[PDB]
Structure formats: C-alpha cells, structure tokens
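These protein sequence lines are chains A and B, in that order.
Per the authors' numbering, the very first residue in the first sequence carries number 0; after that it's consecutive.
Per the authors' numbering, the very first residue in the second sequence carries number -2; after that it's consecutive.
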Amino acid sequence: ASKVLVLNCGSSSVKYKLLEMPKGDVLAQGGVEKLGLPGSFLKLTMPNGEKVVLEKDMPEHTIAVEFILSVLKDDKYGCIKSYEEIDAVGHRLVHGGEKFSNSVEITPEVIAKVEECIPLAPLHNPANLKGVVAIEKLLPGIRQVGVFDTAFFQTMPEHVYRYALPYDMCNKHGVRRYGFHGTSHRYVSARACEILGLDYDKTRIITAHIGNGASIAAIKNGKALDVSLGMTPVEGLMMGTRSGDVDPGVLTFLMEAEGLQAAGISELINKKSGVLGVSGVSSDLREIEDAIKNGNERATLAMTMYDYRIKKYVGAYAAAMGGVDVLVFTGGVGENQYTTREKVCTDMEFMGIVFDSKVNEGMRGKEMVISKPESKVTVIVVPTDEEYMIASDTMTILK
Amino acid sequence: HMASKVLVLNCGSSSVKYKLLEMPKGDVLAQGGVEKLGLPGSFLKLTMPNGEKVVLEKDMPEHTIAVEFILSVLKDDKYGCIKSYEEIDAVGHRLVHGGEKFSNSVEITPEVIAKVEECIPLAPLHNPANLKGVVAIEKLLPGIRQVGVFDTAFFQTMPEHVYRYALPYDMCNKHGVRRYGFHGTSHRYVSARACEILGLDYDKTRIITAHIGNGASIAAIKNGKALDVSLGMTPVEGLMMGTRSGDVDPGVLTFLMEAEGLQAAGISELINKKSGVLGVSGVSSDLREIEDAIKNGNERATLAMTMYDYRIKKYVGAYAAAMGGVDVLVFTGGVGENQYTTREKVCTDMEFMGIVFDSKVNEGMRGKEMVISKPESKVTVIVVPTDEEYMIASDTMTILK
C-alpha cells in the first residue's frame, strides 16, 4: 500500500489527486485556479462530497503546490499527518514528441528532452515542468514519474501518422499525427480486456473518449494503430467548441470571406465551432438535451451531426484493423450520454455489433457491457481514470 | 430503331474535351480534345476509328475558335464522321457547379445561364469556362438546343446533418459553406450501371462508389439517393489525390501558416498543387509513374501508395457504417478501373464487413466491367468503367424529348 500524489499543471491551474494504491482510493482531490492572477483559489472535494473553496494568493506554481500540500496536511481539510506519507508523485506531461513511448522516472535527462518537445505543446509542457520543479523544492528526494498524453500513439506507422502534405515542409516542422488522451485510451483499453477476460495483445479495440474534447482510437493487438486527433486537438470528432474534421479548402475560403488570419481561423475552429457553433445553445450536451426537449431544431441537428461522425469513425477504424473485438465508450459524454451510444451502435450488425438498447437506456457512469450476449463485438462502457493510470505507472516504475 | 447524335462537351480554362455519341445506344462516333487553348502551341488530339491518336496543330486563343475547329474536324472528309452540322441533334455540357439551385439537368436558357453565373463563386475556375462552351455552340450551331448536367446535382439529396460542417452556423449560411461533392455524374452513372449489371433494385440497394482519378472521391448512395461524399465544398477534402491533400488536421494548416509565413492563397496552393501523391512521393501525381518508381525501390513512392490505399479503406468502413451496411462496392475512374493493386489492398482483410475478395480475378484486370469479389462474398465488389459523356447525352435526350 502506497500514497501517490498525481498532478496536472496548466498555465493558470494545478489539479491534484492523492490516491491510495494499489486499490486506487481517492484520499483527496482538488484544483488551484487563477494561479498567477488576482483572486487565485483552491477548490477541493472532501471525502463526504462537500466542496470547499480556499482563497490564497498563488502567483506561480511552487506557491500553488505548497498550498496544496499544506491543505493535504491541514487538521480541518487534510487527509495526512505528514508529507512523508506521500510515497511518490506522478505528473501529466502533455507532449513527449517522438522522444517518449512510455512513462519515465523524471531525471535531468528526461527534463531536457521534455523541454525539446515544448514547440509541440508550447502552452502545456512548460507548466507541466513547473509542477516537477515545485515538487523537487517542496518534497526533496521524493521520486517522480512523467506520463505523456502522446506516448501511447508512438506505435502508429508512418502511413498513418504522415499527412499527405509537402514532405520536406512537414519534416522541417515536425508535422505528423500525435494524438492526445493517450493515458485515457491506454487505461480503458487495458481495463476492458481485464474485465472481459481477454488478452490485450490479441484483441482489436476501438476506444471512444468522448468528453468536451473527443477522440477515438484503433488499438490492434496491443498497439495503437490510429487516432482521430492529429498534431492538434481540433482534428477528428465533433467536440464541445472544436470543429473536428473540416474541408481544408473551407478554412482558406473563410479566411478570404471573413478576412481572418491564421490566429482568427484558429480561434474560430477551437472556440466557436462544434456543438456550440452548430447548436447556438451550449458546448454542454446536457444543455443541448434540454434545448432538444424544448424543440430547439439546431440543438437536434448538432446531436445528429455529432453521433453520425462517431459512427463513421467506428466503421473506419474497424476497416483499418481488419475487424473489431471490443468497442469501449468512455469520457464525460461517453460514460453518460446513453442516447449517443445507442445511435452509434444501432444498425451496425453488418460489422458484428448487436446492441442491447434496454441495458444501455438510462445507464450513466458505470462499467457495463451494453452489447447483447450474442454480439460478436463486445460494446462496453468503461469510466476512465487517468489519475489512477498515472499512479499505476508511477508505482510500476519506482518498484 | 431511330438514332440521334449528341455532341458532349467538357470545357475548362485551357481545354475542350468532346465526344459525339449516337443515342440511345451510346456508340462513340468521335472523340478528342483541344489542349493549350489560349496559349502558344494549342492543338486538337482526336482518336480515329482505328484507335490511333492524331494531332492537329492550330492557333486557338479562345473557346469559340476552339469549338469551331472541333466542329470542322467532325465534318472533315478525312477525320470526320458526319457530312454536315445538321446531323448534330443536340449538345450536352458538363457544368461543374449548380449550387443548391440544381438537383438535375436542365435545358440551357437565359434564366438558367443567370443561375449558373450565380454559382460561379462556388467554382470560380470552372463555371466560367463551362459557359464559354455554351456561348460558342449558340454562335456556331443555328437552331441547336443545349442541356447542362451538373457535377454537384446528384449530391443535392444529402441531409443537413451530413452536408453541414461543425463550424459557426450563421457564418456558414451567410457564405454558402456546405458539402457539395463533385464527380456526381460519374457516381450517378456507375451506381445505376452496377445495379443493372447485378440485377438489383437501385432504390433498395446500399452502394459505395469510389471514383478514383486524378481527382478522387467516394460516395455513399443509399436506397437510390446520395447520402455522403468525401469531397467537400472544395475538391481538396477527403481521399488523397494526385496533388491534393485530402483530409488533414485543420490545426496543421494554421500551424503551417504561422511557421512558413503563408497567407490563405499560399496555403491553398500548397494543399491543391503540392500535396497528395505528388507531395509525399516526390515523384509524380501519376500512379503509373509511382508504380514504376516502386519497382525501382523508391520508398517514398511506396509510402505514398500505402497512405493512399489506407485512406480509401477507412472511407469504405465509414460509409458502410453510415448506411448500416453495404451491398455493392464499385471502383471506377482512371485509377479505380486500372490500379488493381489498390483495389486489392482496399478490399483484403474486410471479411468482418462482408467482403471476400477474388485476388486472382482482380490481378491485371484493367478497364473492364468485372466483379472482383468471390461468388460467396456477402458484399459484391465490382469495377464499372465510368461513362460521364453517355450520362450527359442520356439526360440531354430526356430533356429535349
């Protein structure tokens, strides 16, 4: 039994959980917000479910992480008596480029390579490293592990990861598909196989991480083959505010027609598009659901579009792998939006899916098979746990 | 059994392709093309009844002079197939873009020209040339009636959840941003022709049609109506092509704009002219030249083709899922009709969705109507060479009835 602190550091945030391993019990969870801004604060969730908001000036990451640690140890809000109870720290690192294929113990050599990947995630990797530096200062001699969002997808072959763009220009600028959500795809694919009694290394898996950001992956015989996200997180599925796949020529057309530059078109496809952009209602699928009940036709259209594009990816990735054994739904939307799951999996008998509509109906947030027993393809809901996956890699590496 | 002769034109900014067809059989009486129209070195190349190509050099600075030369060749004692222009019963035209105004072919009247002019913004380098052909014919052939047949028309049955992009609603509507599709006349012809060959009811069949040429598109046609198509508002979207990228990460485009200091026009040129098979291979946009480079162990050429086949395979899966299954997969176009190795890579390891492929029948099979799935395959896979000119001539005869 060990306690592992798991961090996710952003430009103006630190999200944390403290996990008891190997069970994965959450001892603490919270987040610092508005770090480096006036009115920085920490919000935590107590074991009994109560939310607590603590204001404190936190101008940079070290002071933020120091406050988190003091809260963990507090006699009122805390869950540990001493920092020595924390056995290790695991970090979400966004981008491992072509340098990392798996999680690693953080050494100076590792930090240097993560710094080399900063150009591939310039607004994420620096903050992630600030978290590592904070822990070296505040918990000296504790060992730390880095777990990369991109690493799982480093098995993709060049015919998948290369775009059909000018060869030299792509190579010069490191343009290729990387994928994100890799920690989630890794966790739910392996978890599904354990639940189902299958050998991970002999199974063809499609994993659909549908949240505010959405991605789908093809995992064949234990190695990722393809993923819907690209070099950037705008590609693939329709998302909350991101476009997903769009005609490249539409982008250049809108640049001329609306007088947008690179930055303007980037903001449009990342912030004003997807479910929000079509619906004119919300990026939140629950608010869409409500708007649909009040007969909002644009909200209905957004959801029809959303479901359709997931369905097409399921077909595409089955074709890419030569079949599929397991289809996994995960993420905030995948775990909860049973109507999407139904629309995606119905009329898919031609490729081995027989769906269990009655079991699926109303089914939110549990691990559950939602295909009929006789389905050739098993369809399963697996709530993701990226923090647990990080803690699990941490314990394996530091063993 | 009576016979009409229909001249079918396909006019581009620097070309006029023509065929003269005898209807309703669809027998080709003549075929050729003017190239380098409006440039030094303009010429007409035609195909004799004997099958040889003949090149007639002639200065042709614009479309009317080009069409006049074409007509003089049709009537020539040596090269011709008619004694006089009165033998031409009608003219049909390939018109690229009908926008949301045209769902099927129409007689070209002043009112139709006005509407086709309104669609010029949607195909600014094609529609103008197409109309120049119409004008040339009205000048050169007294009394002649003309019909327009639109590359976009077949796809006007797509539902909004398919044709809308997940972009700001009002901004798309303001600028007419939506999926249109192209090659509609080809998809229309081969889907119907496949069902005729196979004894199937077109209106109850789920069909995937892959028109693989220098431009490449794949379509889902369900129960007699187009449902989806890989080409977008623009012909860059979807499949990897000769010089066009196909689908790419929208964020890669904005990234390259900043990284290489490109504006809209520069990015547009890159994805239309420097990408696709040409861009990856570093060899050619021509798949025969790729094929050769592969034999000489060019690894980039091999890579280009692996990428090309993979993306077609993914669309086949996607559109089967979109339709709830597939009854018939059709290969067509210059590449689809000829590149049997692509067909094999696409259709092998697809038994999970009902395709059992016949590798031996497929091998070296070029340019013929031919089933290439095994008899026991649930899904029929068929090569159907396209005949857009026949489709155009057929619509022409229906309208001018």
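Note that CB positions come from ideal geometry on N, CA and C, so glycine has one too.
Does any residue of chain A bring its CB to less than 7 Å from the CB of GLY273 of chain B?
-> On the second sequence, position 276 is the one that residue 273 of chain B refers to. With 7 Å as the cut-off, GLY273 of chain B counts as an interface residue toward chain A.
Between B:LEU197, B:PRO156, B:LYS136, which lies nearest to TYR177 of chain B when the distance is taken from Cα to Cα?
-> For the purposes of this step, residue 177 of chain B is identified with residue 180 of the second sequence, where counting begins at 1. When B:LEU197, B:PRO156, B:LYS136 are compared, the shortest CA-CA separation from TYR177 of chain B is found for B:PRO156.
List the residues of chain A that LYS310 of chain B touches, going by C-beta distances under 7 Å, in chain order.
-> Here the question's residue 310 of chain B lines up with position 313 in the second sequence. The contacting residues are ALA318, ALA319.
Any contact of the region 190 to 210 of chain A with the region 225 to 234 of chain B, i.e. 3+ C-beta pairs under 8 Å?
-> The region 190 to 210 of chain A, when compared against the region 225 to 234 of chain B, does not touch it at the 8 Å Cβ threshold.
Starting from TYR166 of chain B, trace the alpha helix (DSSP H) both ways and give me its first and last residue.
-> Against the second sequence, residue 166 of chain B aligns to sequence position 169. DSSP places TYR166 of chain B in the uninterrupted alpha helix (DSSP H) bounded by 166 to 172.
Are the Cβ atoms of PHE152 of chain B and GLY173 of chain B separated by less than 7 Å?
-> As a working mapping, residue 152 of chain B is identified with position 155 in the second sequence. As a working mapping, residue 173 of chain B is identified with position 176 in the second sequence. Going by C-beta atoms, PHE152 of chain B is not nearer than 7 Å to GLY173 of chain B.
Roughly how many angstroms separate the alpha carbons of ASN359 of chain A and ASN101 of chain A, rounded to a whole number?
-> As a working mapping, residue 359 of chain A is identified with position 360 in the first sequence. As a working mapping, residue 101 of chain A is identified with position 102 in the first sequence. A direct Cα-Cα distance of roughly 34 Å separates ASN359 of chain A from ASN101 of chain A.
Listed from N- to C-terminal order along the chain, which residues in the region 13 to 45 of chain A have their beta-carbon within a distance smaller than 8 Å of any beta-carbon of chain B?
-> Only those residues of the region 13 to 45 of chain A whose C-beta falls short of 8 Å from the nearest C-beta of chain B would be listed, and there are none.
Use the C-beta contact count for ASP167 of chain B: other C-beta atoms within 10 angstroms, 16 or more gives buried, fewer gives exposed.
-> The residue given as residue 167 of chain B occupies position 170 in the second sequence. Burial call: exposed.
Please work out which residues of its chain come closer than 7 Å, Cβ to Cβ, to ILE141 of chain A, disregarding the five sequence neighbours upstream and downstream, and give them in chain order.
-> For the purposes of this step, residue 141 of chain A is identified with residue 142 of the first sequence, where counting begins at 1. If you ignore the 5 residues before and after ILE141 of chain A, its C-beta comes within less than 7 Å of the C-beta of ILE85, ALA87, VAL88, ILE134, all in its own chain and listed in chain order.
Beta bridge counterpart(s) of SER214 of chain B as assigned by DSSP = Start at 1 with the first residue of the second sequence, and residue 214 of chain B comes out as number 217. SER214 of chain B is bridged by DSSP to B:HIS208.
Taking all protein chains shown into account, do 16 or more other C-beta atoms lie within 10 angstroms of the C-beta of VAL51 of chain A, making it buried, or fewer, making it exposed?
-> Working through the first sequence from its first residue, we reach residue 51 of chain A at position 52. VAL51 of chain A comes out exposed.
Is the distance from the Cβ of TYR76 of chain B to the Cβ of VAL245 of chain A below 7 Å?
-> Taking the first residue of the second sequence as 1, we reach residue 76 of chain B at position 79. Taking the first residue of the first sequence as 1, we reach residue 245 of chain A at position 246. For the 7 Å CB-CB criterion, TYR76 of chain B and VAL245 of chain A do not form a contact.
Given 8 Å, three or more beta-carbon pairs between the region 310 to 328 of chain B and the region 374 to 381 of chain B = The region 310 to 328 of chain B vs the region 374 to 381 of chain B: in contact.
Going by DSSP, which residues form a beta bridge with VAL3 of chain A?
-> Sequence index remark: in the first sequence, residue 3 of chain A carries index 4 (1-based). As a beta-bridge residue in DSSP terms, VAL3 of chain A pairs with A:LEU18, A:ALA87.
Mind checking whether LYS33 of chain A and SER11 of chain A have CB atoms under 7 Å apart?
-> In the first sequence, residue 33 of chain A corresponds to position 34, counting from 1. In the first sequence, residue 11 of chain A corresponds to position 12, counting from 1. Taking 7 Å as the Cβ cut-off, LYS33 of chain A and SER11 of chain A qualify as a contacting pair.
Ordered along the chain, which non-local residues of its own chain (more than five positions away) have a Cβ less than 6 Å from that of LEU43 of chain B?
-> Working through the second sequence from its first residue, we reach residue 43 of chain B at position 46. Answer for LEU43 of chain B: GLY29, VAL51, listed in chain order.
From the DSSP output, which residues share a beta bridge with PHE354 of chain A?
-> Here residue 354 of chain A corresponds to residue number 355 of the first sequence, with the count starting at 1. Its beta-bridge partners are A:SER370.
So which residues of chain B does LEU300 of chain A contact, with C-beta pairs closer than 9 Å?
-> Counted from its first residue, the first sequence places residue 300 of chain A at position 301. Simply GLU157, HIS158, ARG161, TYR166.
Determine which residues of the region 202 to 229 of chain B have a Cβ less than 7 Å from any Cβ of chain A, and write them out in chain order.
-> So the list reads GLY229, given in the order they occur along the chain.
By DSSP, does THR345 of chain B sit in helix, in strand, or in coil?
-> On the second sequence, residue 345 of chain B is found 348 positions in, with the first residue counted as 1. Coil at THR345 of chain B, not helix or strand.
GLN153 of chain A in three-state terms, based on DSSP | Within the first sequence, the letter at position 154 stands for residue 153 of chain A. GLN153 of chain A falls in the helix class under three-state DSSP.
Would you call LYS16 of chain A buried or exposed, if buried means 16 or more other Cβ atoms sit within 10 Å of its Cβ?
-> Along the first sequence, one-based indexing puts residue 16 of chain A at 17. When all chains shown are included, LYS16 of chain A counts as buried.
Taking all protein chains shown into account, decide if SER391 of chain B is buried (16 or more other Cβ within 10 angstroms of its Cβ) or exposed.
-> Mapped onto the second sequence, residue 391 of chain B falls at position 394. Burial call: buried.
Residue interval of the alpha helix (DSSP H) (run including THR240 of chain B) = One-based indexing of the second sequence puts residue 240 of chain B at position 243. Per DSSP, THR240 of chain B belongs to no alpha helix (DSSP H) and is neither H nor E.
Leaving out five residues before and five after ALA63 of chain A in sequence, what residues of the same chain have Cβ atoms less than 6 Å from its Cβ?
-> For this step, residue 63 of chain A is matched to residue 64 along the first sequence. Around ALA63 of chain A: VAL13, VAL31, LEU34, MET57.
Since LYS98 of chain B and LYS112 of chain B are thought to touch, with beta carbons under 8 Å apart, how far apart are those beta carbons, to the nearest angstrom?
-> Position 101 of the second sequence, counted from the start, is the residue given in the question as residue 98 of chain B. Position 115 of the second sequence, counted from the start, is the residue given in the question as residue 112 of chain B. With a contact defined as Cβ atoms closer than 8 Å, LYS98 of chain B and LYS112 of chain B qualify at about 5 Å.
Taking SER188 of chain B and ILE204 of chain B to be in contact with their CB atoms under 8 Å, please state how far apart those CB atoms are, rounded to whole angstroms.
-> Counting from 1 along the second sequence, the entry for residue 188 of chain B is found at position 191. Counting from 1 along the second sequence, the entry for residue 204 of chain B is found at position 207. Indeed they touch by this definition, with Cβ atoms about 5 Å apart.
Between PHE349 of chain B and chain A, is there a C-beta pair that is closer than 7 Å?
-> Start at 1 with the first residue of the second sequence, and residue 349 of chain B comes out as number 352. Flagged as an interface residue toward chain A: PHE349 of chain B, by a C-beta distance shorter than 7 Å.
Inter-residue Cα distance where the pair is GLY196 of chain A and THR251 of chain B | Counted from its first residue, the first sequence places residue 196 of chain A at position 197. Counted from its first residue, the second sequence places residue 251 of chain B at position 254. If you take the alpha carbons of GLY196 of chain A and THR251 of chain B, they lie about 44 Å apart.
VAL25 of chain B: first and last residue of the uninterrupted beta strand (DSSP E) it sits in = Looking up residue 25 of chain B in the second sequence gives position 28. First-last of the beta strand (DSSP E) with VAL25 of chain B: 24 to 32.
For the beta strand (DSSP E) that contains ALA223 of chain B, what are its first and last residues?
-> Working through the second sequence from its first residue, we reach residue 223 of chain B at position 226. Annotation: the continuous beta strand (DSSP E) that includes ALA223 of chain B extends over 222 to 226.
Three-state secondary structure (DSSP) at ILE396 of chain A?
-> For this step, residue 396 of chain A is matched to residue 397 along the first sequence. Annotated three-state conformation of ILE396 of chain A is helix, per DSSP.
Of all Cβ atoms in chain B, is any one closer than 7 Å to the Cβ of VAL93 of chain A?
-> If you number the first sequence from 1, residue 93 of chain A lands on position 94. For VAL93 of chain A, not one C-beta of chain B is nearer than 7 Å to its own C-beta.
Could you say which of B:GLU104, B:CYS116, B:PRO118, B:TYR82 lies nearest to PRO139 of chain B if we only look at CA atoms?
-> Here residue 139 of chain B corresponds to residue number 142 of the second sequence, with the count starting at 1. Of B:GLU104, B:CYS116, B:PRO118, B:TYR82, the residue nearest in Cα terms is B:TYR82.
Kindly say whether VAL277 of chain A, judged by its beta-carbon, lies nearer than 7 Å to any beta-carbon of chain B.
-> On the first sequence, residue 277 of chain A is found 278 positions in, with the first residue counted as 1. With 7 Å as the cut-off, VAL277 of chain A counts as an interface residue toward chain B.
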